[PDB]
Amino acid sequence: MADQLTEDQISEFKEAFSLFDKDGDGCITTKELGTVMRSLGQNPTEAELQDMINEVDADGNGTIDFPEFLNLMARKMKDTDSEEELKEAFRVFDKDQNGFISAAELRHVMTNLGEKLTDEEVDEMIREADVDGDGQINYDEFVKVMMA
Ligand SMILES: [Ca+2]
Ligand SMILES: [Ca+2]
Ligand SMILES: [Ca+2]
Ligand SMILES: [Ca+2]
């Protein structure tokens with residue numbers, strides 16, 4: 001996500017927040033959160049609802065206002081994006097979509113990415129990330145090497 005949000009993104013988040021804010025006073029209370037939680041098939045304890053609210057209540061006034069709500073969703077958005085970007089990238093490399101990146105696929109995709117590696121380089125790159133040593137890179141392995 002990054003930082004600055006677009007007007008449409010903000011306006012949407014406001015519509016959402018509007019659902020949580022059952023009595024529309026501009027702030028979400030534990031009670032209002034519980035109502036929303038339950039309706040989704042959950043049953044948080046009064047202690048959990050207070051934690052959830054408290055963990056998002058930056059100014060400590062007891063409730064969640066729009067900017068507090070927005071900052072939470074923005075962090076969740078960026079987390080999702082980062083993860084989704086890792087998944088997209090893996091898909092690009094996994095040319096045959098079998099769940100693994102092979103040396104041949106790494107060489108191919110790489111070249112087509114403006115990166116031409118030699119045979120030695122290709123194999124070393126695979127080995128460097130190949131934790132279980134089966135000769136190919138699975139998703140967990142790709143993630144591990146990407147976030148490092
Ligand atoms: Ca309210
Ligand atoms: Ca607050
Ligand atoms: Ca593959
Ligand atoms: Ca492997």
# chains A, B, ... in the order shown; residues from 1 in each chain; ligands from 1

$ residues_near_ligand --ligand "ligand 1" --cutoff "8 Å" --atoms "only C-alpha atoms and all ligand atoms" --output "PDB file with C-alpha atoms, in the first residue's frame"
ATOM      1  CA  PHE A  20     -19.362  -0.637  12.802  1.00  0.00           C
ATOM      2  CA  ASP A  21     -20.555   2.650  14.310  1.00  0.00           C
ATOM      3  CA  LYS A  22     -24.075   1.327  14.952  1.00  0.00           C
ATOM      4  CA  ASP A  23     -25.350   4.487  16.677  1.00  0.00           C
ATOM      5  CA  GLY A  24     -23.440   6.684  14.235  1.00  0.00           C
ATOM      6  CA  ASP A  25     -21.862   8.878  16.912  1.00  0.00           C
ATOM      7  CA  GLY A  26     -18.498   8.720  15.142  1.00  0.00           C
ATOM      8  CA  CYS A  27     -16.797   6.182  17.404  1.00  0.00           C
ATOM      9  CA  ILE A  28     -16.826   2.400  17.769  1.00  0.00           C
ATOM     10  CA  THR A  29     -17.414   1.007  21.259  1.00  0.00           C
ATOM     11  CA  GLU A  32     -20.809  -2.076  18.987  1.00  0.00           C
TER      12      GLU A  32
END

$ residues_near_ligand --ligand "ligand 4" --cutoff "6 Å" --atoms "only C-alpha atoms and all ligand atoms" --output "ChimeraX atom specification"
/A:130-138

$ write_last_selection --atoms "C-alpha atoms" --output "tab-separated table (two decimals), in the first residue's frame"
chain	number	residue	atom	x	y	z
A	130	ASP	CA	16.64	-24.90	-1.23
A	131	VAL	CA	16.22	-25.59	2.48
A	132	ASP	CA	14.98	-29.19	2.23
A	133	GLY	CA	17.43	-30.01	-0.54
A	134	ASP	CA	14.98	-31.53	-3.01
A	135	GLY	CA	16.42	-29.47	-5.87
A	136	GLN	CA	13.52	-27.03	-6.32
A	137	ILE	CA	12.13	-24.00	-4.47
A	138	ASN	CA	8.72	-24.36	-2.81

$ residues_around --residues "residue 142 of chain A" --least-positions-apart "3" --cutoff "12 Å" --atoms "only C-alpha atoms" --output "ChimeraX atom specification"
/A:86-91,93-94,99-102,106,125-131,136-139,145-148

$ write_last_selection --atoms "C-alpha atoms" --output "PDB file, in the first residue's frame"
ATOM      1  CA  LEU A  86       5.101 -12.398  -2.668  1.00  0.00           C
ATOM      2  CA  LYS A  87       2.498 -14.822  -3.923  1.00  0.00           C
ATOM      3  CA  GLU A  88       2.277 -13.080  -7.352  1.00  0.00           C
ATOM      4  CA  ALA A  89       6.030 -13.121  -7.703  1.00  0.00           C
ATOM      5  CA  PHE A  90       6.198 -16.822  -6.902  1.00  0.00           C
ATOM      6  CA  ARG A  91       3.537 -17.447  -9.555  1.00  0.00           C
ATOM      7  CA  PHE A  93       8.630 -17.746 -11.451  1.00  0.00           C
ATOM      8  CA  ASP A  94       6.671 -21.012 -11.233  1.00  0.00           C
ATOM      9  CA  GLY A  99       4.053 -25.270  -6.817  1.00  0.00           C
ATOM     10  CA  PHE A 100       7.836 -25.264  -7.242  1.00  0.00           C
ATOM     11  CA  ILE A 101      10.442 -23.085  -8.913  1.00  0.00           C
ATOM     12  CA  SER A 102      12.896 -25.211 -10.874  1.00  0.00           C
ATOM     13  CA  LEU A 106      14.513 -19.553 -12.620  1.00  0.00           C
ATOM     14  CA  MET A 125      20.673 -19.514  -6.420  1.00  0.00           C
ATOM     15  CA  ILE A 126      18.498 -22.616  -6.254  1.00  0.00           C
ATOM     16  CA  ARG A 127      20.815 -24.232  -3.674  1.00  0.00           C
ATOM     17  CA  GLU A 128      20.963 -21.077  -1.548  1.00  0.00           C
ATOM     18  CA  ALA A 129      17.171 -21.143  -1.133  1.00  0.00           C
ATOM     19  CA  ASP A 130      16.638 -24.902  -1.234  1.00  0.00           C
ATOM     20  CA  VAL A 131      16.221 -25.589   2.475  1.00  0.00           C
ATOM     21  CA  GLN A 136      13.516 -27.028  -6.317  1.00  0.00           C
ATOM     22  CA  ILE A 137      12.133 -23.998  -4.475  1.00  0.00           C
ATOM     23  CA  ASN A 138       8.724 -24.360  -2.806  1.00  0.00           C
ATOM     24  CA  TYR A 139       6.693 -21.363  -1.615  1.00  0.00           C
ATOM     25  CA  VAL A 145      14.774 -16.083   0.902  1.00  0.00           C
ATOM     26  CA  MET A 146      12.709 -13.081  -0.256  1.00  0.00           C
ATOM     27  CA  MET A 147      12.216 -11.653   3.242  1.00  0.00           C
ATOM     28  CA  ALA A 148      15.927 -12.055   3.935  1.00  0.00           C
TER      29      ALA A 148
END

$ residues_around --residues "segment 68-85 of chain A" --least-positions-apart "6" --cutoff "9 Å" --atoms "only C-alpha atoms" --output "number ranges by chain"
A: 1-3, 5, 10, 13-14, 17, 28, 56-59

$ atom_distance --atom1 "atom CA of residue 105 of chain A" --atom2 "atom 1 (Ca, counted along the ligand's line) of ligand 3"
6.5 Å

$ select_by_dssp --residues "chain A" --states "alpha helix (DSSP H)" --output "ChimeraX atom specification"
/A:7-20,30-39,46-56,66-93,103-111,119-129,139-146

$ atom_distance --atom1 "atom CA of residue 30 of chain A" --atom2 "atom CA of residue 55 of chain A"
11.6 Å

$ residues_around --residues "segment 40-48 of chain A" --least-positions-apart "5" --cutoff "9 Å" --atoms "only C-alpha atoms" --output "ChimeraX atom specification"
/A:30-31,34-35,53

$ atom_distance --atom1 "atom CA of residue 39 of chain A" --atom2 "atom CA of residue 52 of chain A"
16.5 Å

$ closest_residue --among "A:4, A:9, A:98, A:63" --to "ligand 3" --atoms "only C-alpha atoms and all ligand atoms"
A:98

$ closest_residue --among "A:124, A:64, A:11, A:116" --to "residue 49 of chain A" --atoms "only C-alpha atoms"
A:64

$ closest_residue --among "A:65, A:121, A:51, A:96" --to "ligand 3" --atoms "only C-alpha atoms and all ligand atoms"
A:96

$ residues_around --residues "residue 117 of chain A" --least-positions-apart "5" --cutoff "10 Å" --atoms "only C-alpha atoms" --output "list in words"
residues 106, 107, 108, 110, 111, 122, 123 and 125 of chain A

$ closest_residue --among "A:66, A:33, A:16, A:104" --to "ligand 3" --atoms "only C-alpha atoms and all ligand atoms"
A:104

$ closest_residue --among "A:109, A:12, A:144, A:95" --to "ligand 3" --atoms "only C-alpha atoms and all ligand atoms"
A:95

$ closest_residue --among "A:61, A:8, A:54, A:15" --to "ligand 2" --atoms "only C-alpha atoms and all ligand atoms"
A:61
